[PDB]
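J.: need coordinates for the below:
(2 chains)
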Amino acid sequence: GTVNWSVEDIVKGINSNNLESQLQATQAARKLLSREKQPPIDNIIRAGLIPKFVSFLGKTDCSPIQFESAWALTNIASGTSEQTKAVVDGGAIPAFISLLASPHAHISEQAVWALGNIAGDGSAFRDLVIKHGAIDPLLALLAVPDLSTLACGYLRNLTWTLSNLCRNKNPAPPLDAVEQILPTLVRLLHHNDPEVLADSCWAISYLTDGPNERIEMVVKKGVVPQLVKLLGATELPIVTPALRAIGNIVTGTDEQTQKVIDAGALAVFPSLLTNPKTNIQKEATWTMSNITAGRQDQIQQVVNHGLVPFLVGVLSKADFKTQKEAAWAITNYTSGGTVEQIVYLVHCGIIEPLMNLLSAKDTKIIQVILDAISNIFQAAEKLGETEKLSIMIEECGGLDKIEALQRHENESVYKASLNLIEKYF
Amino acid sequence: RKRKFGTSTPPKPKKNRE
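T.: Numbers count the residues shown, from 1 in each chain, chains lettered A, B, ... in the order given. Right below this line is the structure:
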């Protein structure tokens, strides 16, 4: 009936003065725009149909055409930034916000979806959706005693749209909007649906990626223990955003990092640092690097949890990016650690993998490793053991690497390698 | 010395309803 229409037939039907013909044509457009391959979005836009769909959004007495037009506009706004912009330029934002209060759950769901696409375009349309007043009705849709009474798809769509309202960072979302959304986000973060949990964790990760004041807004809500719990989850779609959020949080002040530590996060890193998923290993090692850049008692907590051998393992064998994160962790550890902590690090076997990594073609990691070596040598000096560390570095073949670095492109590598060779060798 | 950042993939920014 409304399958495989031509855009010309759709235009004829919508340009008729017959609401039912308009509805059939709008459904035909929806079915065209919801097909598997190559939906004719640009042809629909060229025909000037967006303003008609937007007007149909306000037909309270014809809920079917409201739903059909909402779906069509949702699929148009899901495309390029120019197609989303075409939807916005037709006045769709306030119409969808008004539809958020529809008595029909499927229509309000479609409005939530469309606003999610518009906000997901980027920070400008996100902030414009916020300025039109979307947050209040969106959150009102979730103001129920128990989230389990809502349909799973409805709740997942609401969570995804809210996460898009927390997304992007040039500029970051308005502070007032973040504060208005956060409690509902915590609620959702305690839900039992894995997709809701994943998207809520992703929203928290968005909100924690930035200045330490944003991290503080998030941490003050008491979400860190739940984030650690989810970090322990069996589903990787949940562990990934939880780990991102935890890493973001430990990029902040020593007190925020301490909040992460007090919640028991380190006990999970034996698994994360050996996780078969490369991205998990990389981001866990990055998190560890930011924790080793903390205070000496926090480095000591890293030591007590037995995580130094796991850093040695990652440095010894892993994807090169994870090995770079591990080099960063080692340099931070040696820069901020006590003499006893650096001695412990050496006793765990860091020297050999550190040296084997000096044969890489990435200048940054070479600089990081040479700085770590300098710090360890300073500790040795304080202990009067410089010659023994020298012998160790020679035995594993690191002396030859440092000598080769003496003739390197970068000036810092040149200088540091020559300083090491002339002061300790 | 703290270094800020820069299915298991992040949620899609936009979603078509098939």
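J.: only C-alpha atoms from now on, for both contacts and neighbour counts.
T.: Will do.
J.: residues in contact with the closest residue to chain A within chain B?
T.: The nearest approach of chain B to chain A comes at residue B:8, 4.1 Å away (Cα to the nearest Cα). By Cα atoms under 8 Å, 6 or more residues apart in numbering or on different chains, the contact list for residue B:8 reads A:236, A:237, A:238, A:240, A:241.
J.: what's the closest non-adjacent residue to the fourth one?
T.: Leaving out its chain neighbours, the residue that sits closest to residue A:240 by Cα to Cα, 6 or more residues apart in numbering or on different chains is residue B:8, at 6.1 Å.
J.: do the same with the first one
T.: If the residues on either side of it in the chain are set aside, residue A:236 comes closest to residue B:8, at 6.0 Å by Cα to Cα, 6+ apart.
J.: hang on, the earlier thing: so the residue of chain B closest to chain A, which of the three states?
T.: coil (DSSP: H, G, I helix; E, B strand; the rest coil).
J.: for it, what are phi and psi?
T.: With angles defined as degrees, to the nearest 10, residue B:8 sits at phi -80, psi -10.
J.: name the element whichever residue of the stretch 101-250 of chain A sits closest to chain B belongs to?
T.: Of all residues in the stretch 101-250 of chain A, the one sitting closest to chain B is residue A:237 (4.1 Å; Cα to the nearest Cα). Secondary structure assignment for residue A:237, by DSSP states H and E: helix A:236-250.
J.: one more: residue A:182?
T.: Taking DSSP H and E as the criterion, residue A:182 maps to helix A:175-189.
J.: which helices and strands sit right next to that helix?
T.: The contact analysis (3 or more Cα pairs under 8 Å, 6 or more residues apart in numbering or on different chains; DSSP states H and E) places helix A:175-189 against helix A:135-141, helix A:194-208.
J.: for the contacts of residue B:8, give me a markdown table that also has neighbour count.
T.: Putting the contacts of residue B:8 into a markdown table (neighbours: other Cα atoms under 10 Å in any protein chain shown) gives the following:
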| residue | neighbour count |
| --- | --- |
| A:236 | 18 |
| A:237 | 21 |
| A:238 | 25 |
| A:240 | 25 |
| A:241 | 28 |
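J.: flag every residue of the stretch 51-200 of chain A that's near chain B.
T.: Residues of the stretch 51-200 of chain A lying close to chain B (Cα under 8 Å from any Cα of the partner chain) are A:71, A:74-75, A:77-79, A:116-118, A:120-121, A:160, A:164, A:199.
J.: CSV for these, including distance to residue A:7?
T.: Below are those laid out as CSV (distance: Cα to Cα, whole Å):
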residue, distance to residue A:7
A:71, 17
A:74, 18
A:75, 16
A:77, 18
A:78, 19
A:79, 18
A:116, 26
A:117, 24
A:118, 24
A:120, 28
A:121, 26
A:160, 32
A:164, 32
A:199, 36
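J.: all strands for chain B, in order.
T.: Taking DSSP state E, chain B contains no strands at all.
J.: residues of it that sit close to chain A?
T.: Neighbours of chain A within chain B, by Cα under 8 Å from any Cα: B:1-5, B:7-11, B:13-18.
J.: try it again with 7 Å
T.: Residues of chain B that fall close to chain A, judged by Cα under 7 Å from any Cα of the partner chain: B:1-5, B:7-8, B:10-11, B:13-18.
J.: got a winner among the residues you listed for most neighbours?
T.: residue B:14 (24 neighbours; other Cα atoms under 10 Å in any protein chain shown).
J.: so which bits of the helix or strand where residue A:373 lies are buried?
T.: Per DSSP H and E, residue A:373 falls inside helix A:363-383. Applying a neighbour-count criterion of 16 or more other Cα atoms under 10 Å in any protein chain shown, the buried positions in helix A:363-383 are A:365-380.
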